[PDB]
>>> print(open('query_9.pdb').read())   # PDB, N, CA and C atoms and all ligand atoms
ATOM      1  N   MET O   1      60.169  89.359 111.260  1.00  0.00           N
ATOM      2  CA  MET O   1      60.822  90.416 110.423  1.00  0.00           C
ATOM      3  C   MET O   1      62.175  89.901 110.038  1.00  0.00           C
ATOM      4  N   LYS O   2      63.060  90.743 109.543  1.00  0.00           N
ATOM      5  CA  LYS O   2      64.301  90.335 108.984  1.00  0.00           C
ATOM      6  C   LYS O   2      65.441  90.581 109.938  1.00  0.00           C
ATOM      7  N   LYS O   3      66.516  89.883 109.637  1.00  0.00           N
ATOM      8  CA  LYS O   3      67.760  89.995 110.352  1.00  0.00           C
ATOM      9  C   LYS O   3      68.862  90.396 109.397  1.00  0.00           C
ATOM     10  N   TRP O   4      69.849  91.142 109.915  1.00  0.00           N
ATOM     11  CA  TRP O   4      70.973  91.672 109.202  1.00  0.00           C
ATOM     12  C   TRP O   4      72.243  91.401 109.988  1.00  0.00           C
ATOM     13  N   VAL O   5      73.325  90.995 109.325  1.00  0.00           N
ATOM     14  CA  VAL O   5      74.566  90.696 110.010  1.00  0.00           C
ATOM     15  C   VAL O   5      75.597  91.793 109.760  1.00  0.00           C
ATOM     16  N   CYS O   6      76.245  92.160 110.851  1.00  0.00           N
ATOM     17  CA  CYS O   6      77.427  93.023 110.790  1.00  0.00           C
ATOM     18  C   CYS O   6      78.595  92.263 110.174  1.00  0.00           C
ATOM     19  N   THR O   7      79.084  92.687 109.027  1.00  0.00           N
ATOM     20  CA  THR O   7      80.152  91.969 108.351  1.00  0.00           C
ATOM     21  C   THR O   7      81.489  92.230 108.992  1.00  0.00           C
ATOM     22  N   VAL O   8      81.539  93.089 109.982  1.00  0.00           N
ATOM     23  CA  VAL O   8      82.782  93.297 110.732  1.00  0.00           C
ATOM     24  C   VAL O   8      82.860  92.397 111.938  1.00  0.00           C
ATOM     25  N   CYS O   9      81.824  92.375 112.808  1.00  0.00           N
ATOM     26  CA  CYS O   9      81.885  91.630 114.059  1.00  0.00           C
ATOM     27  C   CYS O   9      80.884  90.499 114.205  1.00  0.00           C
ATOM     28  N   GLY O  10      79.956  90.349 113.273  1.00  0.00           N
ATOM     29  CA  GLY O  10      78.964  89.288 113.335  1.00  0.00           C
ATOM     30  C   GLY O  10      77.744  89.589 114.126  1.00  0.00           C
ATOM     31  N   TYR O  11      77.633  90.764 114.742  1.00  0.00           N
ATOM     32  CA  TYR O  11      76.416  91.114 115.447  1.00  0.00           C
ATOM     33  C   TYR O  11      75.212  90.979 114.499  1.00  0.00           C
ATOM     34  N   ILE O  12      74.148  90.414 114.998  1.00  0.00           N
ATOM     35  CA  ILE O  12      72.877  90.340 114.268  1.00  0.00           C
ATOM     36  C   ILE O  12      71.930  91.417 114.725  1.00  0.00           C
ATOM     37  N   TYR O  13      71.599  92.321 113.834  1.00  0.00           N
ATOM     38  CA  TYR O  13      70.496  93.251 114.021  1.00  0.00           C
ATOM     39  C   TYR O  13      69.239  92.512 113.656  1.00  0.00           C
ATOM     40  N   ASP O  14      68.364  92.295 114.629  1.00  0.00           N
ATOM     41  CA  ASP O  14      67.111  91.617 114.469  1.00  0.00           C
ATOM     42  C   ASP O  14      65.998  92.661 114.480  1.00  0.00           C
ATOM     43  N   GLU O  15      65.321  92.868 113.367  1.00  0.00           N
ATOM     44  CA  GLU O  15      64.269  93.856 113.337  1.00  0.00           C
ATOM     45  C   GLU O  15      63.220  93.625 114.410  1.00  0.00           C
ATOM     46  N   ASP O  16      62.916  92.370 114.730  1.00  0.00           N
ATOM     47  CA  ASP O  16      61.925  92.115 115.771  1.00  0.00           C
ATOM     48  C   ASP O  16      62.381  92.630 117.122  1.00  0.00           C
ATOM     49  N   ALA O  17      63.688  92.628 117.371  1.00  0.00           N
ATOM     50  CA  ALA O  17      64.238  93.081 118.646  1.00  0.00           C
ATOM     51  C   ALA O  17      64.503  94.584 118.680  1.00  0.00           C
ATOM     52  N   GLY O  18      64.803  95.174 117.508  1.00  0.00           N
ATOM     53  CA  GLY O  18      65.320  96.507 117.507  1.00  0.00           C
ATOM     54  C   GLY O  18      66.606  96.639 118.291  1.00  0.00           C
ATOM     55  N   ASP O  19      66.793  97.784 118.910  1.00  0.00           N
ATOM     56  CA  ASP O  19      68.024  98.090 119.663  1.00  0.00           C
ATOM     57  C   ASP O  19      67.613  99.190 120.660  1.00  0.00           C
ATOM     58  N   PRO O  20      66.747  98.820 121.591  1.00  0.00           N
ATOM     59  CA  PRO O  20      66.094  99.847 122.414  1.00  0.00           C
ATOM     60  C   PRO O  20      67.018 100.622 123.311  1.00  0.00           C
ATOM     61  N   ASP O  21      68.115 100.013 123.753  1.00  0.00           N
ATOM     62  CA  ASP O  21      69.113 100.716 124.568  1.00  0.00           C
ATOM     63  C   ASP O  21      69.750 101.882 123.811  1.00  0.00           C
ATOM     64  N   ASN O  22      69.689 101.845 122.472  1.00  0.00           N
ATOM     65  CA  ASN O  22      70.229 102.857 121.580  1.00  0.00           C
ATOM     66  C   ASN O  22      69.091 103.571 120.844  1.00  0.00           C
ATOM     67  N   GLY O  23      67.904 103.568 121.387  1.00  0.00           N
ATOM     68  CA  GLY O  23      66.824 104.381 120.862  1.00  0.00           C
ATOM     69  C   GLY O  23      65.981 103.745 119.787  1.00  0.00           C
ATOM     70  N   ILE O  24      66.169 102.450 119.552  1.00  0.00           N
ATOM     71  CA  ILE O  24      65.496 101.789 118.438  1.00  0.00           C
ATOM     72  C   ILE O  24      64.455 100.796 118.953  1.00  0.00           C
ATOM     73  N   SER O  25      63.197 101.115 118.721  1.00  0.00           N
ATOM     74  CA  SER O  25      62.118 100.231 119.191  1.00  0.00           C
ATOM     75  C   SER O  25      62.171  98.895 118.501  1.00  0.00           C
ATOM     76  N   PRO O  26      61.729  97.853 119.171  1.00  0.00           N
ATOM     77  CA  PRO O  26      61.410  96.609 118.464  1.00  0.00           C
ATOM     78  C   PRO O  26      60.518  96.870 117.266  1.00  0.00           C
ATOM     79  N   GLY O  27      60.736  96.143 116.191  1.00  0.00           N
ATOM     80  CA  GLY O  27      59.997  96.188 114.963  1.00  0.00           C
ATOM     81  C   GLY O  27      60.521  97.235 113.979  1.00  0.00           C
ATOM     82  N   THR O  28      61.635  97.886 114.262  1.00  0.00           N
ATOM     83  CA  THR O  28      62.183  98.895 113.350  1.00  0.00           C
ATOM     84  C   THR O  28      62.930  98.197 112.218  1.00  0.00           C
ATOM     85  N   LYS O  29      62.436  98.412 111.008  1.00  0.00           N
ATOM     86  CA  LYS O  29      63.121  97.894 109.826  1.00  0.00           C
ATOM     87  C   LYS O  29      64.496  98.464 109.690  1.00  0.00           C
ATOM     88  N   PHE O  30      65.440  97.670 109.172  1.00  0.00           N
ATOM     89  CA  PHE O  30      66.807  98.179 109.009  1.00  0.00           C
ATOM     90  C   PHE O  30      66.862  99.482 108.228  1.00  0.00           C
ATOM     91  N   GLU O  31      66.045  99.507 107.161  1.00  0.00           N
ATOM     92  CA  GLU O  31      66.007 100.698 106.313  1.00  0.00           C
ATOM     93  C   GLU O  31      65.614 101.938 107.080  1.00  0.00           C
ATOM     94  N   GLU O  32      64.868 101.778 108.152  1.00  0.00           N
ATOM     95  CA  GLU O  32      64.387 102.944 108.888  1.00  0.00           C
ATOM     96  C   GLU O  32      65.259 103.288 110.091  1.00  0.00           C
ATOM     97  N   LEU O  33      66.354 102.525 110.286  1.00  0.00           N
ATOM     98  CA  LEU O  33      67.295 102.945 111.314  1.00  0.00           C
ATOM     99  C   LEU O  33      67.848 104.332 110.974  1.00  0.00           C
ATOM    100  N   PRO O  34      68.063 105.199 111.971  1.00  0.00           N
ATOM    101  CA  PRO O  34      68.666 106.495 111.657  1.00  0.00           C
ATOM    102  C   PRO O  34      69.966 106.345 110.896  1.00  0.00           C
ATOM    103  N   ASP O  35      70.316 107.293 110.027  1.00  0.00           N
ATOM    104  CA  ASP O  35      71.489 107.257 109.171  1.00  0.00           C
ATOM    105  C   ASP O  35      72.770 107.077 109.994  1.00  0.00           C
ATOM    106  N   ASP O  36      72.753 107.530 111.244  1.00  0.00           N
ATOM    107  CA  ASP O  36      73.971 107.406 112.031  1.00  0.00           C
ATOM    108  C   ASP O  36      73.917 106.356 113.137  1.00  0.00           C
ATOM    109  N   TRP O  37      72.919 105.483 113.037  1.00  0.00           N
ATOM    110  CA  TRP O  37      72.939 104.286 113.858  1.00  0.00           C
ATOM    111  C   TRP O  37      74.143 103.433 113.503  1.00  0.00           C
ATOM    112  N   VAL O  38      74.748 102.813 114.480  1.00  0.00           N
ATOM    113  CA  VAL O  38      75.933 101.996 114.229  1.00  0.00           C
ATOM    114  C   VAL O  38      75.742 100.670 114.938  1.00  0.00           C
ATOM    115  N   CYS O  39      76.607  99.706 114.523  1.00  0.00           N
ATOM    116  CA  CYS O  39      76.620  98.423 115.181  1.00  0.00           C
ATOM    117  C   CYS O  39      76.834  98.623 116.685  1.00  0.00           C
ATOM    118  N   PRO O  40      75.969  98.052 117.510  1.00  0.00           N
ATOM    119  CA  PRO O  40      76.096  98.299 118.932  1.00  0.00           C
ATOM    120  C   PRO O  40      77.291  97.620 119.585  1.00  0.00           C
ATOM    121  N   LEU O  41      77.971  96.722 118.876  1.00  0.00           N
ATOM    122  CA  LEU O  41      79.174  96.039 119.398  1.00  0.00           C
ATOM    123  C   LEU O  41      80.478  96.587 118.822  1.00  0.00           C
ATOM    124  N   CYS O  42      80.542  96.896 117.519  1.00  0.00           N
ATOM    125  CA  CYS O  42      81.825  97.314 116.925  1.00  0.00           C
ATOM    126  C   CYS O  42      81.812  98.736 116.415  1.00  0.00           C
ATOM    127  N   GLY O  43      80.637  99.390 116.330  1.00  0.00           N
ATOM    128  CA  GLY O  43      80.519 100.761 115.920  1.00  0.00           C
ATOM    129  C   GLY O  43      80.588 101.072 114.444  1.00  0.00           C
ATOM    130  N   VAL O  44      80.599 100.109 113.560  1.00  0.00           N
ATOM    131  CA  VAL O  44      80.588 100.386 112.126  1.00  0.00           C
ATOM    132  C   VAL O  44      79.179 100.776 111.699  1.00  0.00           C
ATOM    133  N   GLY O  45      79.075 101.387 110.519  1.00  0.00           N
ATOM    134  CA  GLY O  45      77.810 101.919 110.033  1.00  0.00           C
ATOM    135  C   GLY O  45      76.978 100.912 109.293  1.00  0.00           C
ATOM    136  N   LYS O  46      75.781 101.339 108.921  1.00  0.00           N
ATOM    137  CA  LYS O  46      74.772 100.546 108.267  1.00  0.00           C
ATOM    138  C   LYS O  46      75.303  99.906 106.964  1.00  0.00           C
ATOM    139  N   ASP O  47      76.208 100.572 106.279  1.00  0.00           N
ATOM    140  CA  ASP O  47      76.710 100.042 105.017  1.00  0.00           C
ATOM    141  C   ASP O  47      77.443  98.729 105.128  1.00  0.00           C
ATOM    142  N   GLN O  48      77.852  98.418 106.355  1.00  0.00           N
ATOM    143  CA  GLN O  48      78.563  97.181 106.591  1.00  0.00           C
ATOM    144  C   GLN O  48      77.702  96.001 107.009  1.00  0.00           C
ATOM    145  N   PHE O  49      76.389  96.162 107.016  1.00  0.00           N
ATOM    146  CA  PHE O  49      75.454  95.090 107.301  1.00  0.00           C
ATOM    147  C   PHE O  49      74.907  94.459 106.018  1.00  0.00           C
ATOM    148  N   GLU O  50      74.714  93.150 106.101  1.00  0.00           N
ATOM    149  CA  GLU O  50      74.110  92.377 104.995  1.00  0.00           C
ATOM    150  C   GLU O  50      72.860  91.674 105.486  1.00  0.00           C
ATOM    151  N   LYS O  51      71.794  91.746 104.708  1.00  0.00           N
ATOM    152  CA  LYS O  51      70.533  91.142 105.037  1.00  0.00           C
ATOM    153  C   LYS O  51      70.624  89.619 104.964  1.00  0.00           C
ATOM    154  N   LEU O  52      70.079  88.924 105.950  1.00  0.00           N
ATOM    155  CA  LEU O  52      70.145  87.461 105.931  1.00  0.00           C
ATOM    156  C   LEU O  52      69.239  86.947 104.852  1.00  0.00           C
ATOM    157  N   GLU O  53      69.704  85.883 104.205  1.00  0.00           N
ATOM    158  CA  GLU O  53      68.926  85.241 103.141  1.00  0.00           C
ATOM    159  C   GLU O  53      68.708  83.784 103.462  1.00  0.00           C
TER
HETATM  160 ZN    ZN R   1      79.675  95.041 114.334  1.00  0.00          ZN
END
>>> encode(input="query_9.pdb", output="structure tokens")
Amino acid sequence: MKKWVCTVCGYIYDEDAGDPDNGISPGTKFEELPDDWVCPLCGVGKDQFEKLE
């Protein structure tokens, strides 16, 4: 699946990994993250992530 980078702190959201400690199963597409999911390291919102190319 795809990866997305936090443009504030560099955290990589990996769709294959999800973010299960924060309620996000492995395989959750970025688009389907809840609207108020935030970077698990710096706390910024989804708008600050860029999809890896
Ligand atoms: Zn971050």
>>> closest_residue(input="query_9.pdb", among="O:19, O:3, O:31, O:10", to="ligand ZN 1 (chain R)", atoms="only N, CA and C atoms and all ligand atoms")
O:10
>>> residues_near_ligand(input="query_9.pdb", ligand="ligand ZN 1 (chain R)", cutoff="6 Å", atoms="all atoms listed in the file", output="list in words")
residues 6, 7, 8, 9, 10, 11, 39, 40, 41, 42, 43 and 44 of chain O
>>> atom_distance(input="query_9.pdb", atom1="atom CA of residue O:1", atom2="atom CA of residue O:23")
18.4 Å
>>> select_by_dssp(input="query_9.pdb", residues="stretch 2-50 of chain O", states="strand (DSSP E)", output="tab-separated table (two decimals) with N, CA and C atoms, keeping the file's coordinate frame")
chain	number	residue	atom	x	y	z
O	3	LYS	N	66.52	89.88	109.64
O	3	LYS	CA	67.76	90.00	110.35
O	3	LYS	C	68.86	90.40	109.40
O	4	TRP	N	69.85	91.14	109.92
O	4	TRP	CA	70.97	91.67	109.20
O	4	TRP	C	72.24	91.40	109.99
O	5	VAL	N	73.32	91.00	109.32
O	5	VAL	CA	74.57	90.70	110.01
O	5	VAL	C	75.60	91.79	109.76
O	6	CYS	N	76.24	92.16	110.85
O	6	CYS	CA	77.43	93.02	110.79
O	6	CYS	C	78.60	92.26	110.17
O	12	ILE	N	74.15	90.41	115.00
O	12	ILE	CA	72.88	90.34	114.27
O	12	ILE	C	71.93	91.42	114.72
O	13	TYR	N	71.60	92.32	113.83
O	13	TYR	CA	70.50	93.25	114.02
O	13	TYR	C	69.24	92.51	113.66
O	14	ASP	N	68.36	92.30	114.63
O	14	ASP	CA	67.11	91.62	114.47
O	14	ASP	C	66.00	92.66	114.48
O	49	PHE	N	76.39	96.16	107.02
O	49	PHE	CA	75.45	95.09	107.30
O	49	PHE	C	74.91	94.46	106.02
O	50	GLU	N	74.71	93.15	106.10
O	50	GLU	CA	74.11	92.38	105.00
O	50	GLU	C	72.86	91.67	105.49
>>> resolve_selection(input="query_9.pdb", expression="the PyMOL selection byres (((chain O and resi 14 and name CA) around 7) and not hetatm and name CA)", output="ChimeraX atom specification")
/O:2-4,12-13,15-18
>>> atom_distance(input="query_9.pdb", atom1="atom C of residue O:36", atom2="atom C of residue O:52")
21.6 Å
>>> atom_distance(input="query_9.pdb", atom1="atom N of residue O:21", atom2="atom C of residue O:38")
11.7 Å
>>> select_by_dssp(input="query_9.pdb", residues="chain O", states="helix (DSSP H, G or I)", output="MDAnalysis selection string")
chainID O and resid 20:22 30:32 46:48
>>> axis_aligned_box(input="query_9.pdb", around="stretch 22-37 of chain O", padding_each_side="8 Å", output="lines of an AutoDock Vina configuration file")
center_x = 67.1
center_y = 101.8
center_z = 114.4
size_x = 30.1
size_y = 27.4
size_z = 32.2
>>> build_atoms(input="query_9.pdb", residues="stretch 14-29 of chain O", atoms="N, CA, C and O atoms", output="PDB file, keeping the file's coordinate frame")
ATOM      1  N   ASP O  14      68.364  92.295 114.629  1.00  0.00           N
ATOM      2  CA  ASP O  14      67.111  91.617 114.469  1.00  0.00           C
ATOM      3  C   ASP O  14      65.998  92.661 114.480  1.00  0.00           C
ATOM      4  O   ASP O  14      65.765  93.298 115.539  1.00  0.00           O
ATOM      5  N   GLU O  15      65.321  92.868 113.367  1.00  0.00           N
ATOM      6  CA  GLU O  15      64.269  93.856 113.337  1.00  0.00           C
ATOM      7  C   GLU O  15      63.220  93.625 114.410  1.00  0.00           C
ATOM      8  O   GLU O  15      62.627  94.596 114.914  1.00  0.00           O
ATOM      9  N   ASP O  16      62.916  92.370 114.730  1.00  0.00           N
ATOM     10  CA  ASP O  16      61.925  92.115 115.771  1.00  0.00           C
ATOM     11  C   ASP O  16      62.381  92.630 117.122  1.00  0.00           C
ATOM     12  O   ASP O  16      61.567  92.931 117.992  1.00  0.00           O
ATOM     13  N   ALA O  17      63.688  92.628 117.371  1.00  0.00           N
ATOM     14  CA  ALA O  17      64.238  93.081 118.646  1.00  0.00           C
ATOM     15  C   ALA O  17      64.503  94.584 118.680  1.00  0.00           C
ATOM     16  O   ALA O  17      64.461  95.209 119.737  1.00  0.00           O
ATOM     17  N   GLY O  18      64.803  95.174 117.508  1.00  0.00           N
ATOM     18  CA  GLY O  18      65.320  96.507 117.507  1.00  0.00           C
ATOM     19  C   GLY O  18      66.606  96.639 118.291  1.00  0.00           C
ATOM     20  O   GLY O  18      67.413  95.699 118.368  1.00  0.00           O
ATOM     21  N   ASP O  19      66.793  97.784 118.910  1.00  0.00           N
ATOM     22  CA  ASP O  19      68.024  98.090 119.663  1.00  0.00           C
ATOM     23  C   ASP O  19      67.613  99.190 120.660  1.00  0.00           C
ATOM     24  O   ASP O  19      68.030 100.336 120.535  1.00  0.00           O
ATOM     25  N   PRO O  20      66.747  98.820 121.591  1.00  0.00           N
ATOM     26  CA  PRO O  20      66.094  99.847 122.414  1.00  0.00           C
ATOM     27  C   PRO O  20      67.018 100.622 123.311  1.00  0.00           C
ATOM     28  O   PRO O  20      66.747 101.805 123.549  1.00  0.00           O
ATOM     29  N   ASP O  21      68.115 100.013 123.753  1.00  0.00           N
ATOM     30  CA  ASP O  21      69.113 100.716 124.568  1.00  0.00           C
ATOM     31  C   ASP O  21      69.750 101.882 123.811  1.00  0.00           C
ATOM     32  O   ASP O  21      70.357 102.823 124.380  1.00  0.00           O
ATOM     33  N   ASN O  22      69.689 101.845 122.472  1.00  0.00           N
ATOM     34  CA  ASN O  22      70.229 102.857 121.580  1.00  0.00           C
ATOM     35  C   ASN O  22      69.091 103.571 120.844  1.00  0.00           C
ATOM     36  O   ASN O  22      69.312 104.161 119.789  1.00  0.00           O
ATOM     37  N   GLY O  23      67.904 103.568 121.387  1.00  0.00           N
ATOM     38  CA  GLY O  23      66.824 104.381 120.862  1.00  0.00           C
ATOM     39  C   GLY O  23      65.981 103.745 119.787  1.00  0.00           C
ATOM     40  O   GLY O  23      65.160 104.436 119.181  1.00  0.00           O
ATOM     41  N   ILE O  24      66.169 102.450 119.552  1.00  0.00           N
ATOM     42  CA  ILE O  24      65.496 101.789 118.438  1.00  0.00           C
ATOM     43  C   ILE O  24      64.455 100.796 118.953  1.00  0.00           C
ATOM     44  O   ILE O  24      64.786  99.783 119.542  1.00  0.00           O
ATOM     45  N   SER O  25      63.197 101.115 118.721  1.00  0.00           N
ATOM     46  CA  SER O  25      62.118 100.231 119.191  1.00  0.00           C
ATOM     47  C   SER O  25      62.171  98.895 118.501  1.00  0.00           C
ATOM     48  O   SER O  25      62.499  98.812 117.288  1.00  0.00           O
ATOM     49  N   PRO O  26      61.729  97.853 119.171  1.00  0.00           N
ATOM     50  CA  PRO O  26      61.410  96.609 118.464  1.00  0.00           C
ATOM     51  C   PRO O  26      60.518  96.870 117.266  1.00  0.00           C
ATOM     52  O   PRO O  26      59.665  97.762 117.300  1.00  0.00           O
ATOM     53  N   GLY O  27      60.736  96.143 116.191  1.00  0.00           N
ATOM     54  CA  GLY O  27      59.997  96.188 114.963  1.00  0.00           C
ATOM     55  C   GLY O  27      60.521  97.235 113.979  1.00  0.00           C
ATOM     56  O   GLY O  27      59.920  97.495 112.955  1.00  0.00           O
ATOM     57  N   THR O  28      61.635  97.886 114.262  1.00  0.00           N
ATOM     58  CA  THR O  28      62.183  98.895 113.350  1.00  0.00           C
ATOM     59  C   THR O  28      62.930  98.197 112.218  1.00  0.00           C
ATOM     60  O   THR O  28      63.949  97.496 112.415  1.00  0.00           O
ATOM     61  N   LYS O  29      62.436  98.412 111.008  1.00  0.00           N
ATOM     62  CA  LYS O  29      63.121  97.894 109.826  1.00  0.00           C
ATOM     63  C   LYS O  29      64.496  98.464 109.690  1.00  0.00           C
ATOM     64  O   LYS O  29      64.726  99.658 109.984  1.00  0.00           O
TER      65      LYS O  29
END
